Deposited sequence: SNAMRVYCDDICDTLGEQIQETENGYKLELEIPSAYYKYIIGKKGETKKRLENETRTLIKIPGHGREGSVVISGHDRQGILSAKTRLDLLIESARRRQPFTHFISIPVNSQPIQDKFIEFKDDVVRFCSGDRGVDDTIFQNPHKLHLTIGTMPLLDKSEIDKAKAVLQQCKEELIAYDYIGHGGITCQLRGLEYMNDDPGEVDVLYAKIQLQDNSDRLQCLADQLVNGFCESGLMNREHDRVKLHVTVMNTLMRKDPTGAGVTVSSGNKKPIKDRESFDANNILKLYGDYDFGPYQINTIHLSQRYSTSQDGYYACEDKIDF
């Protein structure tokens, strides 16, 4: 995208997802009028249904560049507020893992039923056990395509850095953790991912994926580094009748070192939020395999 001369001034044509038009315009046009005044530009947004480019026009390059910078920041801010549509995931859901998870769930339900808030409806679906690297709102085809291209580029970079290679990385899913302060009032329990010798290779892989997607603008950096853990219980899933939390004290004292076994990481997905595939995992927008 480069500014072009018009007969009497300059213009810049931009491809912006229409989901952001309402933020550029603002309430009764207040936001767009303000940007136009600050920069001495006009900002033309395609009418509804009418599809095309946002056009910044003005008499000088500097004002157009200033308007572009301000639109970029406005879109970035709006993106942080959009519901996520996709997420980068690493499945951790081989049959041995799932069998160990089912045994863990059955033990917790059998032996910790009497503990406040524990029931059989607050467990992850074993087919969906996964590590989440990060979420993204991908609000049109262009954004989905960009995310797929970033994922494929990340494959090459991860291999070049030796963060993964042929056949993938072996990990172990073992031990429970909670992130909140009080083990008697837990809403989410996770199982920890470890590597042999506590190697940091997977941490590096995860953080490099985040770097790639954040550099693209599609992902917002929320956490300092990826937490290498898998959700196993979450009370937001409860189906039976912090009133939502459970007392995890006995779960942790009885099963806190539970070993779900090893798992071979050989695929990383751009997963869709809402649909599922025939294997019972999240539907796969794209993947990289090792």
Compare the deposited sequence with the modelled residues and state the ranges that are missing C-alpha positions.
-> 1 to 16, 258 to 273
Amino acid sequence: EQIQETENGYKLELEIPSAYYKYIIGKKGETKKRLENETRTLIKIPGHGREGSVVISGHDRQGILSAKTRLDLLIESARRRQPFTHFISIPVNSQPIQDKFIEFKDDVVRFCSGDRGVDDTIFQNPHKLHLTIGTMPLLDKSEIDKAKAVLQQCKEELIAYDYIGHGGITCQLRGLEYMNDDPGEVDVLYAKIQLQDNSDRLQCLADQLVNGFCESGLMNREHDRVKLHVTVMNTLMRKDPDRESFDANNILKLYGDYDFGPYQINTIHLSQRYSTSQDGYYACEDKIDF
From here on, numbers count along this sequence of modelled residues.
May I ask you to compare 276 to 284 and 263 to 271 by their mean CA B factor in the entry and name the higher one?
-> 276 to 284
So which stretch wins on mean C-alpha B-factor, 30 to 38 or 221 to 229?
-> 221 to 229
Choose from 200, 177, 215, 187 the residue with the greatest Cα B-factor as stated in the PDB record.
-> 215
Out of 138, 109, 92, 73, which shows the largest CA B-factor listed in the entry?
-> 73
Can you work out whether the C-alpha temperature factor of residue 123 puts it in the lowest, middle or highest third of the chain?
-> lowest
Record-listed C-alpha B factor of residue 45: chain third = highest
So where's residue 87 on the chain's Cα temperature factor ranking, which third?
-> lowest
Please rank the C-alpha B-factors of the chain's modelled residues and tell me whether residue 152 sits in the lowest, middle or highest third.
-> middle
CA B-factor placement of residue 161, once the chain's modelled residues are sorted into thirds | highest
